[PDB]
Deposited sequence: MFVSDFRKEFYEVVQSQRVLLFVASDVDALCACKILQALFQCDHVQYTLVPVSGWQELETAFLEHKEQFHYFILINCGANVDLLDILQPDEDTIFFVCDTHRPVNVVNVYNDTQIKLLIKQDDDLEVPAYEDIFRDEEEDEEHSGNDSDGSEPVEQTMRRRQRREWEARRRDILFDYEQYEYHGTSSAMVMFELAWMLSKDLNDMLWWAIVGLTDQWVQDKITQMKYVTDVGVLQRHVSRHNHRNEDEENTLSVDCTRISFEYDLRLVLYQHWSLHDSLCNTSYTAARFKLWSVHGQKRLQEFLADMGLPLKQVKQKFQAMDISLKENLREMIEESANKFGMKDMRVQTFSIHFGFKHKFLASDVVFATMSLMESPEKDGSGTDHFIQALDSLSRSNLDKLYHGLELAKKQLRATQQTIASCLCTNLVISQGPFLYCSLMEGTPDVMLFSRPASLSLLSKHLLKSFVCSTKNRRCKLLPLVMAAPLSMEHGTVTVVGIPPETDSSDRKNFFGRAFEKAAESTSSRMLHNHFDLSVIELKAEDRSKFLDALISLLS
């Protein structure tokens, strides 16, 4: 069931109890976690944080802890599966699920005793009616009933199929948690920023539509203005500090405030794809764009911070003018920035890329948990050192992304299988270890598809979805496979590959695991890849 009162039904229930907090490995989840942690600190809630990358870790951790805890909180995991069936818990165990994954499992929706969904009830939700999916030598009296039961069960299969076909995401969990803090009158300025970063994570990863993003930006604008007014109230005692969040109609250029304009232009998907920067011709057109701006060469190639103050104040208008001249209409974006002092100013997307690079780091200097915690720590104002380190890792990730895309396109490795495009990375692919985790591979695939649609002349191919594979375990001969929807500005960002992969694996008896919280990312036996993809082609044709 859904929670109608976050205070009485959730927070006041758990704050006096011992709580196990499961947190998925995405920035929105980290941000939601930071907010809840700050609340739990204020109220001295006894809890244990268990970071989880996928279902196996969660299920294992649950077995390890189910005896010492009866109150569980799941952040960005659990909503899209029959949680009671998978975990097989005791009757007294309560699960609070704050997860953006859609669709919500019907059992999670209609269970009243153990599943408590911390999900806004006015989210995009189209749940089936209870009557359609749950029930309570023979004469005609009995056989007619049998016939009706069979027809009901048949409709039920169709109804649940339609309901579970497309995966997508609802409102940011960080935003939901911020609302809780607001209700508790404990919404610190830091929490509002974390809510913003969480929303921005969804946007960066194309998890939500442009319309939903703009709508939610509008909501957060209200809170930013309320906080600004609060920071001017002399009688206010809550979160009295100098930390200022500001709404920004800023440039669609990644990390541009932390390296050169040239680097940002070359490593932003929007411009890299549209200028076709994998080609010399493309690189030439970019130089013509920079020439049309009339900006000096030194000012473009040097770090942004060392730019003439007069040029910084005109850059938004200058770049947008040249952009309009080249027919680019979306150089400007609605977002937020946070200011600490001096040059310590960060756009929301900067923090997303930094936090993501820390969390998804493939380094051996620490385990996945260490990196997760480092990412979680980087969100605290207390020290910006981790954030700045994250920004350096982000630059590397972005450069490697551009190089990988160039290799894929110039080596002609993005090939239509009919109903979908296919491409893959191999063990010998440079920087493959930067793209071997679900999150990193999925984001790479979306960036690659964006560049591909700009590159291709084939009108049919422009509208195709993409399937992308990378090496998982060489020892066990497994690969990770991701599926993403067709790339369009107006996309509803809904994804059918989860159930498509499932049916393809079943009809071929392929050895496959749905370990990621998104069903559109699977682990597959390399030996089965051939028949698996063959079945998938037939299925989607």
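Comparing the deposited sequence with the modelled residues, the single stretch lacking C-alpha coordinates is 137-150.
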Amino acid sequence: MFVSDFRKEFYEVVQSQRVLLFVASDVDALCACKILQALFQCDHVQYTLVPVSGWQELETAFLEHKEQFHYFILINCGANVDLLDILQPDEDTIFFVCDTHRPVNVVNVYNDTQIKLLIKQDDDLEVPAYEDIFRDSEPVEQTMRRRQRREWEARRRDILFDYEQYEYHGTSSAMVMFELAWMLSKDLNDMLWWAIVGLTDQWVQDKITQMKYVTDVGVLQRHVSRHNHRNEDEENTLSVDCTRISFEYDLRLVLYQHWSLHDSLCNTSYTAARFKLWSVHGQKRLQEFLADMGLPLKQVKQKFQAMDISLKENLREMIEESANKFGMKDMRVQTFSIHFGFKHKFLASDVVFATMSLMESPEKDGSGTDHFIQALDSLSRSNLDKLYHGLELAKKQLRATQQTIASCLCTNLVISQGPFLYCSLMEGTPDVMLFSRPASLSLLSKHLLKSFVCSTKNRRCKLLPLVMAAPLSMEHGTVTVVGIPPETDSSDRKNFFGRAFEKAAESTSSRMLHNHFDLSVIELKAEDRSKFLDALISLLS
From here on, numbers count along this sequence of modelled residues.
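Per the PDB record, of the two stretches 237-245 and 440-448, 237-245 carries the greater mean B-factor over its C-alpha atoms. Here 188-196 and 295-303 are compared by their mean Cα B-factor, and 295-303 comes out higher. Looking only at 329, 274, 102, 120, the residue with the top Cα B factor in the deposited structure is 329.
When the C-alpha B-factors of 344, 212, 169, 396 are read from the PDB record, the largest value belongs to 344. Annotation for residue 519: C-alpha temperature factor in the highest third relative to the rest of the modelled chain, per the entry. Split the chain's modelled residues into thirds by C-alpha temperature factor. Residue 403 is in the middle one. In this PDB entry, residue 283 carries a Cα temperature factor that places it within the middle third of its chain's modelled residues. Residue-level temperature factors show residue 483 in the lowest third of its chain, judged at the C-alpha atom.
In this PDB entry, the Cα temperature factor of residue 263 sits in the middle third of its chain's modelled residues.
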